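What follows is one chain in structure tokens, specifically the form solved without ligand PEZ.
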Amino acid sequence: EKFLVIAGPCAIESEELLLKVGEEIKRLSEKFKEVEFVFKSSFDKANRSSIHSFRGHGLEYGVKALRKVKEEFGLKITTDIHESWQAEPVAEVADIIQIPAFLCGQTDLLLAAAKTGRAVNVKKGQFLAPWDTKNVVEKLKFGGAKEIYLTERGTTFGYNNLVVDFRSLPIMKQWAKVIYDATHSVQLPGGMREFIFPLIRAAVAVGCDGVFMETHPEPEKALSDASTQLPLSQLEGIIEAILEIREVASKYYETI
């Protein structure tokens, strides 16, 4: 089954940044034909810590940029919504509607995403036990979603720290396809980078259906997640490595 790689800059800082990253992703999709790539970027960071941090350029602008990426490269698209009303407009361009970790339990947002007919990817809340994502998936099916993903992005471990409990991959696999978020799982809420690659290797060795990675031409200048966004030039090598580890580990993946 085709492995999923969801990647892109954290925030749609501009339509130019989007096309620049989109070009590299299109190139990788041509090389890694056994992979299904999905371009990701948020039209809005609705929950930055500080009121002074970069949020975005609006839904309208974001959707237009994302659509430009899709038209120009033939890339599938995914972006996250924050309130029910955003589902409809976003569904016009997004192949996969993403649900933020903090909102994984908001019934109406989930129902709004499901009725669009698009695929839905829910980031598992940092407060949520893996066995409790069962009802999240149940809500989505109830709302009409036929293609569902659950994304592992770490769990609250003391203050300002997240730990990844890899037991969650096979548990959530019982009711949905599982994606490992390599970027936000090492982030210190409220170092980090050096742990991205090692945990990604662990994820594919344990077994998942896809990986999610934020990447930017020059992370040091990103308007959000600068410290954890992967340098764009490193994406190819990371992908090649996980496909290699995936292949050799695959014969041992347990049947759920």
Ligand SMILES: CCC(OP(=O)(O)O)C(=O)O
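So that there is no doubt, residue numbering starts at 1 and follows the sequence shown.
For the pair 68-76 and 138-146, the mean B factor over Cα atoms is greater in 68-76. Between 106-114 and 180-188, it is 180-188 that carries the larger average Cα temperature factor according to the deposited entry. Remark: of 38, 51, 199, 208, 51 shows the highest value [criterion: C-alpha B-factor in the PDB entry]. Among the modelled residues of the chain, residue 249 sits in the middle third by CA temperature factor in this PDB entry. Residue 88: CA B factor in the middle third of modelled residues in this chain (values from the PDB entry). Residue 235 sits in the middle third of its chain by CA B factor, as recorded in the PDB entry.
The same protein has a further form, the form solved in complex with ligand PEZ, not shown here; the description that follows concerns it.
Of the candidate stretches 172-180, 141-149, 111-119, 97-105, only 97-105 has residues whose heavy atoms lie within 4.5 Å of ligand PEZ in the bound PDB entry. Think of it this way: in the bound PDB entry, ligand PEZ has a heavy atom of just one of 45, 193, 67, 26 within 4.5 Å, and the residue is 45. In sequence order, 212, 214 are the residues of 189-221 having a heavy atom within 4.5 Å of ligand PEZ in the bound PDB entry; the partner itself is omitted from this view.
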